[PDB]
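Asks: Opening piece of a complex, kept in its complex position:
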Amino acid sequence: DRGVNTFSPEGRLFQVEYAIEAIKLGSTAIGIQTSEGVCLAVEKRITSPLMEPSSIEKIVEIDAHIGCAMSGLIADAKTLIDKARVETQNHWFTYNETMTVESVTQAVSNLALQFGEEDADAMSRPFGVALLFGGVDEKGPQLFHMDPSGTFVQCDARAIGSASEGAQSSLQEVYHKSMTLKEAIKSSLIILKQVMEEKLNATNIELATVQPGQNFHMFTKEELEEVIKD
Amino acid sequence: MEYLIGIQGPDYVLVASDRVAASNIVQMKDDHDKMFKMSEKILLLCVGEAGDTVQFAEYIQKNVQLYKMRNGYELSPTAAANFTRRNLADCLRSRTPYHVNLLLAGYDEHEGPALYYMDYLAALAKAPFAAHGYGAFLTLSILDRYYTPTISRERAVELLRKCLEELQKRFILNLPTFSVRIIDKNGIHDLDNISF
Amino acid sequence: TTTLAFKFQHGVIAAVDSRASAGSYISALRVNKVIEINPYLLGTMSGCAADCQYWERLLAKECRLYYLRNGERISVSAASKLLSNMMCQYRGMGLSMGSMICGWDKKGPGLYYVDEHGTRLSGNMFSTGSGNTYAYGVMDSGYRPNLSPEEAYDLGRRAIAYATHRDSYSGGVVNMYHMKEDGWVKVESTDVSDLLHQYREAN
């Protein structure tokens, strides 16, 4: 055995390397940042008709102007989502204002290499999750990616999960910086339909759009049906 | 300042409490309930300092409820009175003592009706009848005079009315209405409020 | 201070005074003594100004955090119970705060009186502050559960107005809110001496 804080001969912590591999097992999710707002879409990956599709919440609201897409170990993500919601409200309390998308992404990111055995108070291992933070602030619509290494970057378009390689390839061929939010939603749905084993439907996937003056919105089944129609 | 009364019969316990929630010189509420059901056959009537009372009574309630969930059966009025005492007496020498004066009424399937008196100091006494507050000074002697251990519930209700009528005639505090309840083999029964 | 709130046929009326004082000096002629926690939940303030502002802003933060966690608004009973538990933790610390948690939830209109002692009362009529007795007198006299929204606005307006007249620690303006089924509406922010002068000139 070796410690959770052991470096590989290449300069990377073995536990962080393996946590990234866990994300390759999670549901595929896409985010697209547009001048008119950020779009978030995720496959639920339902395994039984008996399972309530509403009980799978892979797109969450952090605050009115920020949303989050997750992949990997769904239970590890629930802890970081709560840490993000608490953060925004402690900032609202102290400073009477909203946080930037980057500030929230950075706050969640600080908890990444906060794991260990000896000399600790007390996480044993990293979080096996990847997050996409899509929201709007004074800098306009912003979309951020974060992985178990605590590395966060700003993205025009990003895909995470099992079919990350393929979905990003498709995103690259269709993304333009001037693309409308209507075209952003369509591309994400077409790319999501392509990568999933099961057929796409209004009760099979989740879609959320954050636009200035409209706030964070989670698309209804009736809204998802109208989008899938086109 | 508040009023609690209990009269225990051969097979029941009758209890009453004022309905005033007061602050300073104003009567903020006329319909305030001071009894807390702990079990199906146990009531905790609690009087005292501003916050202390709801805080203490509800902590005991939730723990008596946790016992029911944990074990499948409820605490007896005796075990519930002694558990109330252990917590109050344990806070006595602590930074946060509770200024609560309470009465615990209840009916046990094996031991029958029981009425307990507890000091704010957490002295526990089993009494055939009891009263808390300044009103107890004007009514304990009425109860001494007419109370008998074979007192029927209909007769105890009449004896209770005489104690409450005495508070209207001589008590300087305006205690207009009172909550009335009987605990028996079939549980807690809400009776009509004694009003003036 | 003089805060008042009363349930009636058309919802809950909540009116506050606007005076802050330091001894006999008036530190602020107009201060907002109502925290708008959300479109359906308000809080009135009386007592120590810092305690009122900080503690009610802490309830608001916890209410907002509840909505993010559950996707539903907090109930009036949970928000009032939350505030009294905060007060309870600081028992004997010298906090001074009198508030009424007014709102509308799955169980209709809600009005609770919460105190620095941890008092938590549900009721259909309360009044807090150094001028509460004057407000109770006027309010009690003209209150009927079947009051028009405009008739209730006069009862709440006059109750605060007469309390600023007799209570030296009350004055400024009346800030009045009407709690309806689909949220509150700030009715008015009216100068109390202008009201008192209007009532004097009507004699």
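Replies: On my side now, so go ahead. Residues are numbered from 1 along each chain as shown, chains lettered A, B, ... in the order given.
Asks: The spatially closest residue to residue C:67 that is not a sequence neighbour: neighbour count?
Replies: In space, and not counting its chain neighbours, residue C:67 is closest to residue C:73: 5.9 Å by Cβ to Cβ, 6 or more residues apart in numbering or on different chains. All C-beta spots, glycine's among them, are computed from the backbone N, C-alpha and C. Residue C:73: 21 surrounding residues under other Cβ atoms under 10 Å in any protein chain shown.
Asks: what does residue A:168 give?
Replies: 18.
Asks: The spatially closest residue to it that is not a sequence neighbour and residue A:153, how far apart?
Replies: Spatial nearest neighbour of residue A:168, chain neighbours left out: residue A:159 (4.7 Å); criterion: Cβ to Cβ, 6+ apart. Per Cβ to Cβ, to the nearest Å, residue A:159 is found 14 Å from residue A:153.
Asks: Compare neighbour counts for those two and give me the winner.
Replies: Per other Cβ under 10 Å, whichever of residue A:159 and residue A:153 has more neighbours is residue A:159, with 29 against 11.
Asks: so what's that one bridging to?
Replies: Listed by DSSP bridges, the beta-bridge partners for residue A:159 are residue A:30.
Asks: so who does it touch?
Replies: A:28, A:29, A:30, A:31, A:167, A:168, A:171, A:191 (Cβ atoms under 8 Å, 6 or more residues apart in numbering or on different chains).
Asks: just those residues now: which is nearest residue B:3?
Replies: Residue B:3 lies nearest to residue A:29 out of the contacts of residue A:159, by Cβ to Cβ, at 64.2 Å.
Asks: wait, doesn't the closest one sit right on residue A:58?
Replies: Yes: if you go by Cβ atoms under 8 Å, residue A:29 and residue A:58 touch, sitting 6.7 Å apart.
Asks: here's chain D, drop it on:
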Amino acid sequence: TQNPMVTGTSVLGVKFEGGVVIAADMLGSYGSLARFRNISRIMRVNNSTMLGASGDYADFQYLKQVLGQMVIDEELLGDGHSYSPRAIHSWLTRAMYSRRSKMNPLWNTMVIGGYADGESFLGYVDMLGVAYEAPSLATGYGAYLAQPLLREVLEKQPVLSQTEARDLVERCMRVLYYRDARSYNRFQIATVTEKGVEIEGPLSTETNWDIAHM
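Replies: Adding chain D to the chains above:
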């Protein structure tokens, strides 16, 4: 220290053209008793700064220990950086305020004199963390007797020579010896210039008692 034991009276200070001069009697009093008539109440902090202290002597000695070590600590590095008089004044303000906030004050009122980069420095710090800079300072009873004489001269002539400043301080010590019932005719004059800190002592001001024959 909630109750001081051996205390020092006024500490004087005035900046001149090219440095600062600070003065203090060498007395430690136990109430009215002149118990120690030959203790130094002035300290050379480093080459640019000097501190004089009023109030409790055991607390002054403690600060002299803490400061003295900080200087030694710095000098081991030898990195071309040293505490300016202003930095010692800033540290000492934080030190007094911190102890005051724990309800355990260091019972002192001090005067810090300095000379760094051609600039004269004179700063006051008391047991509560009240700090400020001034062209002249006088602690204790000196704020009532000596500060009016320092300010009177500095009103006529704001820039004083090292000699004028020195004679003004000797005139102030003579007044303090006559009027302060907790003073002694034994004192020190410390001066900080381009050359560095120079503490002189024991000094005494000549007294005139011809008014006895009036």
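Asks: Same as before for the contacts of residue A:159, with chain D this time.
Replies: A:28, A:29, A:30, A:31, A:167, A:168, A:171, A:191.
Asks: Residue B:121 too?
Replies: B:89, B:92.
Asks: Run the chain-centre distance for the longest helix along chain B.
Replies: In chain B, taking DSSP state H as the definition, the longest helix is helix B:52-71. How far helix B:52-71 lies from its chain's middle: 16 Å, per Cα atoms, centre = their mean, to the nearest Å.
Asks: in it, what counts as buried?
Replies: Of all the residues in helix B:52-71, those buried under the rule 16 or more other Cβ atoms under 10 Å in any protein chain shown are B:52, B:53, B:54, B:55, B:56, B:57, B:60, B:61, B:64, B:67.
Asks: any chance of those in JSON lines, with distance to chain C too?
Replies: Putting the buried residues of helix B:52-71 into JSON lines (distance: Cβ to the nearest Cβ, whole Å) gives the following:
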{"residue": "B:52", "distance to chain C": "8"}
{"residue": "B:53", "distance to chain C": "9"}
{"residue": "B:54", "distance to chain C": "7"}
{"residue": "B:55", "distance to chain C": "6"}
{"residue": "B:56", "distance to chain C": "11"}
{"residue": "B:57", "distance to chain C": "12"}
{"residue": "B:60", "distance to chain C": "15"}
{"residue": "B:61", "distance to chain C": "14"}
{"residue": "B:64", "distance to chain C": "20"}
{"residue": "B:67", "distance to chain C": "23"}
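Asks: tell me which of those residues is nearest to residue C:177?
Replies: The closest of the buried residues of helix B:52-71, once distances to residue C:177 are taken by Cβ to Cβ, is residue B:54, at 27.6 Å.
Asks: thinking again about what came up before, for chain A, state which of the buried residues of helix B:52-71 is nearest.
Replies: Distances from chain A to the buried residues of helix B:52-71, taken as Cβ to the nearest Cβ, are shortest for residue B:55 (25.9 Å).
Asks: add one more, call it chain E:
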Amino acid sequence: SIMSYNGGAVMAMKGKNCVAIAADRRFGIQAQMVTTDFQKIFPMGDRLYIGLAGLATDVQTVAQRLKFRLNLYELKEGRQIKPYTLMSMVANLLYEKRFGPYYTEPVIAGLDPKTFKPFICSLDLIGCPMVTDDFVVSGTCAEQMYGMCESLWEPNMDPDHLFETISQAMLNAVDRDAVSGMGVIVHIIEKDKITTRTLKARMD
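Replies: So that you can see how it sits with the rest, here is chain E on the chains above:
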């Protein structure tokens, strides 16, 4: 005084081959009487009893915390406790609270496991053991009790003589104490039996 908030009195007396323990039955707060049947003497063994006067919460608390330690002791030891050893158990329990004590002054009355030698003692509120060969008193009427005991007590009293003596010393003492009374209970502890009696006492 804290000890006078509840009132009450407790007493123990030696006999030739028997021991007696008595207490009043009032439970009252200040000048108001609450109940007339408050228990102040608790069995600790077959022939061993402890009586507690003072603050009613601490009378109940000390008796309960003492019964906890006693039960554990008899389980580990496999024997009923000796009277002297119970005194040392109470002294240690009370002394643990030396700088914030329980407001109770115990009195112990029992018979040595040699099924004979009577034992009486008392402890102050901070657990100072005091064994006597005659009587021990504790209460708001300790001055009255000492007067009655000093005058009435005789050395080798028969159980019947012991009963009349401890009964008369309790009744006459608590009849001069405003906050003691409402009846008297007496236990006569012999090798063969325990006799418990409630006396016909004043009710004011």
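Asks: now with chain E: the contacts of residue B:121?
Replies: B:89, B:92, E:5, E:55, E:56, E:57.
Asks: repeat that with 7 Å
Replies: B:92, E:55, E:57 (Cβ atoms under 7 Å, 6 or more residues apart in numbering or on different chains).
Asks: Using the three-state scheme, assign the last one.
Replies: Applying DSSP: H, G, I helix; E, B strand; the rest coil to residue E:57 yields a three-state assignment of helix.
Asks: and it, how many neighbours?
Replies: Residue E:57 has 24 nearby residues by other Cβ under 10 Å.
Asks: And for whatever residue of chain E ends up closest to chain B, the neighbour number?
Replies: Here chain E gets closest to chain B at one residue, residue E:56, 3.4 Å apart by Cβ to the nearest Cβ. For residue E:56, the neighbour count with other Cβ under 10 Å is 27.
Asks: Could you do residue B:107 as well?
Replies: By other Cβ under 10 Å, neighbour count at residue B:107 equals 26.
Asks: Roughly how far does the closest residue to it other than its chain neighbours sit from residue B:10?
Replies: Of all residues not flanking residue B:107 in the chain, residue B:41 sits nearest, at 4.3 Å (Cβ to Cβ, 6+ apart). Distance, residue B:41 to residue B:10, by Cβ to Cβ: 16 Å.
Asks: Same drill for those two, tell me which one is more crowded.
Replies: Set residue B:41 next to residue B:10 and count neighbours by other Cβ under 10 Å: residue B:41 wins out with 23 against 11.
Asks: quick revisit: so what's the residue nearest to residue B:107 up against?
Replies: B:106, B:107, B:183, B:187, B:188.
Asks: got it, and residue A:41?
Replies: A:29, A:30, A:188, A:189, A:192, A:205, A:206, A:207.
Asks: mind running it again at 8 Å?
Replies: Residues near residue A:41 by Cβ under 8 Å, 6+ apart: A:29-31, A:59, A:69, A:185, A:188-189, A:192, A:205-208.
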